[PDB]
Each structure stands twice: as structure tokens, then as C-alpha cells.
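Engineer: Mind having a look at this structure? Questions to follow.
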Ligand SMILES: [Zn+2]
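Numbering (the authors' numbering), first residue to last: 1 to 431, 450 to 1295.
Dropping the structure here:
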């Protein structure tokens, strides 16, 4: 820390702060020269050759060590100059770490570390473990033993294998028992690791060229965070490793990250460790301190120094944060411990440092390094204490340029890795065997199910004084700030003179676990091609080959010029074809555009709330479609969901949650009323444990894969930009030889381009990916955990209601409100807040937009997507469709069901995901289309359409002559039904043979409500209905319809696990109305080329008629619209009356024949088997324009274009649908009628236009198109 005096290697040895140290090693050891950069921190610029006897050889091994990176140089750090530079650098980084709030705290705990005084000399005595000091040679040839705390030596054989090294004890775990021991950090500030980014692009649009460098400060900070854990004897056993599955062509051959490694990194990595294992360690170390206090509390004397036993007892007092009374006895304050621990453990972590140093760095310990570099930090022009490489001013500070080894090329010297490229690998063969050498450190992670401990099954007794939950403070920069203020920076252990030790202190390193070499080669003969194969087929041989030509098909990896793409053929074409230099730059522009073009394709799929943004070429870039129902990725993903992306499917074991036992209290109100609260509280806490648990499983099994792909794609895109830089190149590589011609093709600028083109591409691919992650979590992992909680919740309620009962008379004036409190709480879940377990601004931001759409909420949502009737909410397991089930050809999401026992659709919901307390509070909605009842059979005959019962298992939708019903019924067969009844004796009905939006709400504690088209039609209490069954499957089929020609049309069926409120209902309702598409009088999309009868909503008793064809003729509303009937059944005004209307395309045609909100069209009037053209003369007299049916060829420049409408300019629905316009583009007006001497001719008046803005009064322009429909038995006269 800080380091007071600036050293030089040659500066004269002086017995203190600069001496000839004799580290505690084995056997003899010529003394070595080390400096004292600070109280308790020495620096030896030698290669660690002393610490380990079996490590004096600094030469590389004929066999390679299984690590992604390695580097050797027998000669490094030999000269006396190299030492000085090493001295100058190790320092500058301590100053770097020290210049940060987080840094500052850590170096104060490290210097304060001080290995406990074990040396167990007689219980009651204190003493120094000689292995924690060093002998210091004084000038007069003498030597005085000195206590040490942390030492930095040079690397051993493998220069970049930095790590913590401590000497062990004959019978003590000085690193895992609380004692702590002097640490020797093998580190070098002359080499670094290069890594690659594929996320920061979101915040940095012009992110660096390629591989970035790792600020040496972080690496050193990472290693100290380790000395910290060990100094406080809190290091996790290195026998604790996150097990990894290896047998599989996609799995990593070998790799064993330690918990103490996932701990030290922090970020999410540290979240891979389950809660149960987390608290396992805490108590473990919390008891190591308790013994430290005991050990101290009974220490009478102290052999060794001339320092007061009190002084000593105090150092360790101030170290472990012990508390002592007036007698001087020590104790471990639990609450004060949890803090110290929380600091050494979660505040001081690599991720947290990457915040203080504002540098770019790996975002996970599982992001394997791909390089080594020779850097030189000493010169200020290169690296500064405050800015590092990203120097102030210098063009390095805009986008971590200083860290980009390509941009800041001058500061990084690419060295030779010593692990080839295929040292550790896997052999993957297709089905010409067709195999590939896939790199080990290039395959999937894949955690073993073992790692995830749990313990969620243990039940629990709930007394009155149980201890309630505790937050999950995500360690925000604010919390660190707090720790900083309350941080104690004054006073640092004194250099307590100890009595000389052996001239040669006997060492022997702590024993690390053995390196189990892993198998290599391992062959894999597969069926389908792999994402690895496809990726492979996009690299192509360096360059001395023949001008390669891009070419689809995986066989694109059989020719020496093996290259493949996922781009449109035309690109292949433009690239694969000679281009005369006369015309070359054009080509460049072309490709670039086309590249940045093909590379940015994004599907909106708005009609799919869940995964919005979509990058289609992913499927054919990594062969992700996983081969399903043949191609069409964007359709593939929609049919399955983000599952189609996982190289492997993770499971979720959420045991049958235990239960709370309730300790009862005899005639003790307080103590009782307090137990129920503890019960409910622990239950709330109970839900948190489950959620937090699946987020750990989701963080390592799922989210990790998606991230590998995230890299894979970024890899792909570059493989493409690299070839289109090869091809284009080969061309100009055979240039005309004419200088001054073109400001150079600038390969180092076409690239500056292709860079951006890809950087943005990743911004899209990333959003898309983030959605498949969050989304996969919400519909494939949470539902499971919830089921068990909801169960637990359903149980606890009884156990609680009973408790209250069994204790009434003691809960005298409260046996109701407590009965209400327990019934009111345990009647709704505990929302899943992702922010409670994740800081990631990326994913939370995602999670937020996902939550906004109430549809992603539904436990069942089935639309007709792509080419299937699927359950987008991923709850259904098998949706069996009948044979007599028909799907409207236009909007196939409109299902029609007949009376035939062969037309039916049955849906079964995954059992594991279904809890029986599921239909207490829940809603259901769908769109209905009921034909008209013509016969009398229909009378008093109630057929059922939707049924969900398991022997009296409530709710099933039924129909009966002019009314819709919803009946709830419990096992105790008690039933309750709510009904909406619609009369069939009306001129014009709002429900007959039309579409009706229906929503049914259910609140166990209240009533059952029925909403028709948004408004509440009726409600009936249900606070008396007993328990209800949860049917595993729902059946769509009519049942008991005596009518032979009865049928219905359903649409947008959904099922919600909560009581939708008025607002939600109305929102949901406006959303499923497709306001951008005009409608049939019955609700279907209006259509081009399809004769409709006009019904004027203002004067429903008349009907359009063409007085006389021609401009000298007119159209008007004719006399009395006839009636229709069938005594004792219906009496509706007739519809199929008057002249028909035909809408003709005019703007954007050939496409679907659906008429959309703002289409310009043509209205052909069909007069006497012939079709004419409704037009007018915009040069008439008044505001009104009479309109006539002209001869299509005689119309000419007369006003005829009509702008169809559906949403008022303001945005409100209006019936006024036809706005006529003059060719100049003007606005002649909406079409309506108008009295002209008691004749009311159809007219286009600019009046309505004005009114439609103000009010919303049904006007003379309120038209309605009526096609003939099998639902309206009426016969077109
Ligand atoms: Zn480490």
C-alpha cells in the first residue's frame, strides 16, 4: 500500500526495508535480495524457485499442461535490470490498487491480517509459527527474525501462472481454520492475458477491433483478494470444486473451478453457489473465530517477544473484530462477524474492482483467455496509476482503446502461446468420415447436478420467538461506500521485535490438490452436423491458397477453399465474380451495404409477446434450428421456445416443500398471536428461498450456454467479414498496377466499416438472446418452483386456520382478524422480482419489459402460430386436435367446432407444473362467435363448450338459447353459476352470430364475475364454495347439444392464474381487437373482392339503392328494410338487403386480401348483375357530394379513391369507415346520406370529418359491411 520510498534494485542493502532475506524454504537456501515496500509487505524480484523444490527448473515440459494459455522463457527476470523494472512495476500496481476506495480498504485488511500466534506451546501459552516470519540478513553479517504478512515473488516455470502460495503446518489448516498464514504471491507485471468482448457493444457502439488486454491491476487485485482470505484463515477447501459433466461431444473435456475461485471472482459466478452451501461455510468459519477467542481467552503467558501479552491479545482482537469486556475476556459478536466476513468475502471481489478501476475485463471466470502479451507498465506514456492504458486525452479512453491490443497495438507485444491450438481437444465426426478437432476450451460448461445442494425439504417448528428473514443486499457501490466510512484506517500493527529463529527456517508448502491430467483425442461419431461443424466451415485456410469463393452447404469444409455462410445467395454471387478495376469501389460499397444489410435483419413478431426482437440467420449460422420440422428458424423458435437454443436441457429439482409445525401456547395471547405472524413471515421468506434457488440453477445451467452462443455468433460474423475481406482482397491483389487511382482500397478501413456493421449486429443478437434467457427462466423453471410453494401455501393456510381455532377464547377479540389475515395473505403468491437476485442491468431491464405484457403472465395461451395450434406459454404438454376441427383459412386462429364428437381439441397441462389450489383465484377469457338459434329444439337445451372437471371439478363453459354461462362446482358438488343472457328478439343485435370478447374472473374470497366485451354483466358470491379440484386437462368440444347443426367459433383462449381487474380486462380486450384491421358486421377482417350489403347505423330501417346509373343518376337510402322471424325464437330486422358493395384494391396489393386501417381503395357498386364505380364530382355545389355509380371506364379524373378507416385520427374507434378523396390527394369527406327534398341521397360530406374529430356520436357515416353468413340463416332475396 502506497509504498513510501521509491526503490532501485542496486540501492545498497541496509538490514531494514532493503535486505538479504532468507525466506522460509526447505534444506539450505542462499539468501535472496528483497525490498520492504510497506509494513509487512516484501518484494523479491526472483523467479519462485525456492518455495518449491520440484520447481527449480524453469524450462517448458515436453508435454503441455492442460490450460488454455501458458508461456515460458527460462531467461525472464535474470538480468539485474529486469529486477528493477519488476520492482518498478509491482509497486505501480499497488499504487493503482491503493488509489481506489475499494483498493484502500483491502490493503488495510491485508496488512492487518497477521497470522494468529499458534505454535501451540502449552495450551495457555502464545507463540509464533516460525514459518510465518523470515530471517533478515543485516549488514554486519548478523540476522534478526522478522514477522511477515504477504510477499510477492516472480513467477516460476509458466510465467503467467499467478497464484497464492503458503507454507503449511504439521497439524494445522492455517488457511481454513481462522489462523491465516504469510502468503507468497507468484505474480509478474510484464505479461497479460488477452480476452474478447461481445456485450459492451450495447454501451460502446464502436467497441475495439479484436482481443482486449487485461489491466494488470485487476489481476493483482484478484490475487490479493486471495491472500486476504488466507490471511484471515477463511479460504475454502480446495477440495470443494464445482463438478462438471464431461461425457458428451459438446461438454468440456476437463476443467475444475474451485468455490474459492468462484467466490473471489464475484459477479454472477459467485452466485453459482447454492444458499445451503453458502451458510454452510459461514457457520464453519464463524466457529473458527469462536475458538480463536477461546484460544486467546485462556492464554496466560506469551513466549517469544518483548511485547505485552496484552499488546498481542489486542492485535488479534483488532484483526478478527473481536469484542472484549472490562475483565478483558473475548467473544465473537455474530452480527459483527457477519460483517467482517461479508467484507473479506463479497465486497472484496474481482468484479467489484472492475468498477472502481473503470476498465474492460472478463465478465466471468468461465471466459477462457486466448492470448499472452508483453506489456511495459513502468513508462507513464504507457500506463498511469489513475488511467492505466486508457490514458487521459490520448485517443485511448473513448472505448477502452488503451486496452485494445490492435488499436493500442504499440503497447502489446503478441507472444507465443505454448498450448498450440488443438492440444486438448475432442474429435467430432458427422454420420468420408467427416471429423473436426474441436478445442477443449471451446466447448460447453455444463455443471453437474451434484453442485446444487438444497435442503428445501426440512420441515420446521415455529415458536413465538423465531428469527425473521434478512435482506439480500446485492453489494451496491453504496453499500461499499458505507463500509468505507465506517472503515477504520488508523493504527497499523507495530513491527514487534521477535527473538531470533533458526538461521534456516524449515518450510514445506501447504498441499494443493493433485492435477488429474485429462484424456485427449476422444472421438465422437455423430448423426446431424454440429454447431461446431458449421462454425468450422467459415474459417478457411490463412491466405497462400487459391482465391476462395463463398459457398453454402457444409461440404464447404471439404475443399481447401472451404468457406460457408448464412447469407442470401446474391451476396455469394456479388462476392464470387471478377470485377474490372475500372469498376471496383462500386463493388466495395455494394458488399459493405449488403453486409451491413444482411447482418442487421431483425424480425418483429409483434403478435408474439415473449421474444420480440429476432435474428433469423442464427439458425443457419450455427445450425441452431437443431433440425426441426425442416428449416424456418423464426418459426422453429416460436413453436418450441428458447429451448431450441440450449446445447443441453437443465432440470429443476424442487422437492415437496416441508411444512411448518406450530408450537402452541396455553392461554398466552401475545405469545400466540406472535407465532402466527412468525409462521406467515417465515412463509414469505419461504418463497424467497425457492426463487433465489432456481435463479442459481438458471444462472449456471442455462444462462451460461446462451452466453457461449453469444460468443459463437460473434465468432461467426467475424468469420464472414474476414472472408469478404479475403475475396475482395484477392481481386485487388491482382490489381491494374496504377497508383494514384483510388484513395487506396484501404483494407484497414473497409474493416473499420465491417467492424461497425458487426458491432451493431451483435446489439440485436444480444437483445434477442437476453430474451431467450429471461424468458426461458420464467416459463420453464419458475413455474416448477412455484407449484411447490403454492402447495405449501395451500397447506399452511389450513394448519394456520386450525391453530387459530384451537386457540380461540385466548384470541378472544381477535379470532376474526387473524382468521382474515391468514386467509388474506395466503390467498396470493409472492411476486418474482428478478432485481432481488441480480444486479445485471442487462437482464433486469429485460425482465422489466417482459413483465409489462400481462400475456406472458398467463398459465395458458394458445394462438395458431406458424403451422400449429400451440401453447405459447409453454404450459401445455400435449394439445390433441380433433379431425372435424376447422381453422378459418384467413385468420386460422379462429377455430370452429361442430356438434360432431369428432371435432374437439383437448389440452393437458404438464402435471409437475400444475398445483391443485390453482382454481381458487383465476380468470379465463376468449372470443366467441355463436350462430343463431333457428329451431325450438335449441330452446331449454344447455350444451357445454369448455369443460375442466375431475369429478365435480368446477368451471366448465356451457351454452343455452341466448345466454352464455360459467358454472363453478366443488367436490362437495356445491355449484354456483353466473350468466349473461342475450335476447334474440331485436332489430339488430350486438351478439347474434357475432364475435364477443368474454372474460371470467374468480376470487375464492369473493365472487365469480362475467365480463362481456369489457363491461361487467353479472357477479355471484363464491365465498361459500368449498375446495376445488385442479383438472390436468381442458376439453374444447360441445356436449349435450340436441341440435344437429349447432356449432361455434372460439378465438384467443387464455387462462390467467390471478383475478384480472377491470383495467386489465379492458386493456386485454382492446389489445385483441386488431384495430388496425377493419371488420365484418360479424367481426371478421373486412376483405377485398367480397360483396357486402351496406347497413347504415344511423338509419337502420333503410337500405342503399341506385336510383339510376350514371352521373345524372344517384344513390339513396331506400324504403322499409324488411323483417325476419320464426315465431317464439327471433325477430330481427333483415340484413341481406339492397345493393351490394365491393372493395377493390388500389394501394399495396397482391398481398393478403384483408383491408387495413388506412388503405386507399375503390368501391364498386354492383347494379343489376353488373359492377359500376361509386364516384362523384368534387366540383358540385355545396359541401355535400351526391355520389353516383359510374361506368368503370367513364370515371376518369373524377373523385373515386376512398380511404378506408378504423381508428379515428385521434386514435379512437369510429364507425365512419369511408372517406372519399379527390385525385389531388385532398379530402372530399366521409360517406353518409343526406336529405334532398325527402330523398336522402348517399353523399360525401366534409361535415362528418369535422365532427368525427370532436365527438364520437354514431353518425350518418356509421356504415357496416354485411356479407352473407351461415350464422344468419336468412336467404338473400
Ligand atoms: Zn484466483
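Heads up, the beta-carbon is just placed ideally off N, CA and C, and yes, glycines get one too.
May I ask whether a heavy atom of ligand 1 can be found less than 6 angstroms away from the beta carbon of residue 264?
Structural biologist: As a first step, residue 264 is located in the chain shown; it is residue number 264 there, counting from the start. Residue 264 Cβ: within cutoff of ligand 1.
Engineer: Restricting to Cα atoms, I'd like to know which of 1037, 828 and 973 is closest to residue 1048.
Structural biologist: By 1-based counting over the chain shown, the position of residue 1048 is 1030. Selected option, being the one with the closest Cα: 973.
Engineer: Give the single residue among 256, 656 and 695 whose Cα lies nearest to the Cα of residue 245.
Structural biologist: Taking the chain shown and counting its residues from 1, one reaches residue 245 at position 245. Checking every option, the nearest Cα to that of residue 245 belongs to 256.
Engineer: Which partner residues of residue 324 appear in the DSSP bridge assignment?
Structural biologist: Reading the chain shown from its first residue, position 324 is the one you call residue 324. Note: residue 324 sits in a beta bridge opposite 330.
Engineer: From this set, 43, 512, 920 and 904, which residue's C-alpha is nearest residue 312's C-alpha?
Structural biologist: Taking the chain shown and counting its residues from 1, the one referred to as residue 312 is at position 312. Among 43, 512, 920 and 904, the Cα nearest to that of residue 312 belongs to 512.
Engineer: Tell me whether residue 586 sits in a helix, a strand or coil according to DSSP, three-state version.
Structural biologist: The residue you call residue 586 lines up with position 568 of the chain shown. Residue 586 falls in the coil class under three-state DSSP.
Engineer: From 375, 983 and 506, pick the residue whose C-alpha is nearest to that of residue 1035; which is it?
Structural biologist: For this step, residue 1035 is matched to residue 1017 along the chain shown. That would be 983, whose Cα lies nearest to the Cα of residue 1035.
Engineer: Please indicate yes or no: does the CB of residue 261 lie closer than 6 angstroms to some heavy atom of ligand 1?
Structural biologist: Taking the chain shown and counting its residues from 1, one reaches residue 261 at position 261. True, at least one ligand heavy atom lies under 6 angstroms from that Cβ.
Engineer: Mind pulling the alpha helix (DSSP H) runs of 4 or more residues that sit fully within the stretch 597-640?
Structural biologist: 603-616
Engineer: Nearest by alpha-carbon distance to residue 215: which of 151, 620, 350 and 121 is it?
Structural biologist: Taking the chain shown and counting its residues from 1, one reaches residue 215 at position 215. For residue 215, the nearest C-alpha among the options comes from 350.
Engineer: Quick check: what's the CA-CA separation for residue 722 versus residue 463?
Structural biologist: Counted from its first residue, the chain shown places residue 722 at position 704. Counted from its first residue, the chain shown places residue 463 at position 445. Each residue's alpha carbon lies about 7 angstroms from the other.
Engineer: Pull up the distance between the alpha-carbon of residue 1167 and that of residue 577, whole angstroms please.
Structural biologist: In the chain shown, residue 1167 corresponds to position 1149, counting from 1. In the chain shown, residue 577 corresponds to position 559, counting from 1. Using only the alpha carbons, I get a separation of about 46 angstroms.
Engineer: Would you please state the rounded distance, in angstroms, between the beta carbons of residue 53 and residue 26? I believe it to be under 8 angstroms.
Structural biologist: Within the chain shown, numbered from 1, the residue matching residue 53 stands at position 53. Within the chain shown, numbered from 1, the residue matching residue 26 stands at position 26. Their Cβ separation, rounded to whole angstroms, is 6 angstroms, which keeps residue 53 and residue 26 in contact under 8 angstroms.
Engineer: Whose C-alpha, out of 228, 184, 21 and 159, is nearest the C-alpha of residue 110?
Structural biologist: The count along the chain shown starts at 1 and reaches residue 110 at position 110. If we check each option's Cα against that of residue 110, 228 comes out closest.
Engineer: Tell me the residue span of the beta strand (DSSP E) that contains residue 1064.
Structural biologist: Here residue 1064 is taken as the residue at index 1046 of the chain shown, counted from 1. From DSSP, residue 1064 is part of no beta strand (DSSP E); its letter is neither H nor E.
Engineer: Which of the three DSSP states, helix, strand or coil, is assigned to residue 679?
Structural biologist: Reading the chain shown from its first residue, position 661 is the one you call residue 679. Correct three-state label for residue 679: strand.
Engineer: Rank 131, 1257 and 702 by C-alpha distance to the C-alpha of residue 1137 and give the top, closest one.
Structural biologist: The sequence position of residue 1137 within the chain shown is 1119, counting from 1. For residue 1137, the nearest C-alpha among the options comes from 1257.
Engineer: Grab me the residues of residue 268's own chain with a C-beta within less than 6 angstroms of its C-beta, minus the 5 sequence neighbours each way, in chain order.
Structural biologist: Looking up residue 268 in the chain shown gives position 268. Hits under 6 angstroms: 717.
Engineer: Tell me whether the beta-carbon of residue 234 lies closer than 7 angstroms to the beta-carbon of residue 260.
Structural biologist: The residue labelled residue 234 in the question sits at position 234 within the chain shown. The residue labelled residue 260 in the question sits at position 260 within the chain shown. It is not a contact, given that the beta carbons lie outside the stated cut-off.
Engineer: Given a cut-off of 7 angstroms, decide if residue 20 and residue 134 are closer than it, judged by their beta-carbon atoms.
Structural biologist: Mapped onto the chain shown, residue 134 falls at position 134. Mapped onto the chain shown, residue 20 falls at position 20. In terms of Cβ geometry, residue 134 and residue 20 do not form a close pair [threshold 7 angstroms].
Engineer: Given a threshold of 16 other Cβ atoms within 10 Å of its Cβ, counted over all protein chains shown, does residue 1094 qualify as buried or as exposed?
Structural biologist: Position 1076 of the chain shown holds residue 1094. Exposed is the call here.
Engineer: With a threshold of 8 angstroms, are at least 3 pairs of Cβ atoms found where one atom belongs to the stretch 1129-1144 and the other to the stretch 1199-1212?
Structural biologist: Between the stretch 1129-1144 and the stretch 1199-1212 there are three or more C-beta pairs closer than 8 angstroms, enough to call the two in contact.
Engineer: Which whole-angstrom value describes the C-beta separation of residue 91 and residue 218, a residue pair presumed to lie in contact below a C-beta threshold of 8 angstroms?
Structural biologist: The residue given as residue 91 occupies position 91 in the chain shown. The residue given as residue 218 occupies position 218 in the chain shown. Actually they are not in contact, since the Cβ atoms of residue 91 and residue 218 sit about 17 angstroms apart, beyond 8 angstroms.
Engineer: To which residues of the same chain is residue 29 closer than 8 angstroms at the C-beta, ignoring the five residues directly before and after it?
Structural biologist: Stepping through the chain shown from its first residue, residue 29 is reached at position 29. These residues qualify, in order along the chain: 22, 23, 50 and 522.
Engineer: Taking DSSP's pairing of strands, which residues face residue 1054 in a bridge?
Structural biologist: Looking up residue 1054 in the chain shown gives position 1036. According to DSSP, which records beta bridges pairwise, residue 1054 is partnered with 923 and 964.
Engineer: Indicate the three-state DSSP secondary structure (helix, strand or coil) for residue 410 in the structure shown.
Structural biologist: Start at 1 with the first residue of the chain shown, and residue 410 comes out as number 410. Looking at residue 410 - three-state DSSP - the assignment turns out to be helix.
Engineer: What does residue 449 pair with, by DSSP beta-bridge criteria?
Structural biologist: In the model as presented, the chain runs from 431 straight to 450, which leaves residue 449 without coordinates.
Engineer: Compare the beta carbon distance of residue 372 and residue 69 with 7 angstroms and say whether it is the shorter of the two.
Structural biologist: Here the question's residue 372 lines up with position 372 in the chain shown. Here the question's residue 69 lines up with position 69 in the chain shown. Cβ atoms of residue 372 and residue 69: closer than 7 angstroms.
Engineer: From what residue to what residue does the alpha helix (DSSP H) around residue 1259 run?
Structural biologist: Counting from one through the chain shown, the residue named residue 1259 turns up at place 1241. No alpha helix (DSSP H) holds residue 1259; the beta strand (DSSP E) holding it covers 1259-1263.
Engineer: What separation, rounded to the nearest whole angstrom, lies between the Cα atoms of residue 706 and residue 525?
Structural biologist: Taking the chain shown and counting its residues from 1, one reaches residue 706 at position 688. Taking the chain shown and counting its residues from 1, one reaches residue 525 at position 507. Spanning the two alpha carbons is a distance of roughly 48 angstroms.
Engineer: For the stretch 743-761 against the stretch 616-632, do three or more pairs of beta-carbon atoms, one drawn from each stretch, fall closer than 8 angstroms, so that the two count as touching?
Structural biologist: The way I'd put it, the stretch 743-761 doesn't touch the stretch 616-632; fewer than three beta-carbon pairs between them come closer than 8 angstroms.
Engineer: By the three-class DSSP mapping on this structure, what secondary structure does residue 454 have?
Structural biologist: Here residue 454 refers to the residue found at position 436 when the chain shown is read from its first residue. It is a strand residue.
Engineer: Roughly how many angstroms separate the alpha carbons of residue 213 and residue 93, rounded to a whole number?
Structural biologist: Your numbering for residue 213 matches position 213 in the chain shown. Your numbering for residue 93 matches position 93 in the chain shown. Residue 213 and residue 93: Cα-Cα distance of roughly 16 angstroms.
Engineer: Quick check on DSSP: helix, strand or coil for residue 1073?
Structural biologist: Position 1055 of the chain shown holds residue 1073. Here residue 1073 sits in strand by DSSP.
Engineer: Going by the beta-carbon positions, is the gap between residue 1279 and residue 1248 smaller than 7 angstroms?
Structural biologist: If you number the chain shown from 1, residue 1279 lands on position 1261. If you number the chain shown from 1, residue 1248 lands on position 1230. Cβ distance < 7 angstroms, so residue 1279 and residue 1248 count as in contact.
Engineer: Could you give the residue range of the alpha helix (DSSP H) that holds residue 895?
Structural biologist: In the chain shown, the residue the question calls residue 895 occupies position 877. Segment 894-899 is the beta strand (DSSP E) holding residue 895; no alpha helix (DSSP H) there.
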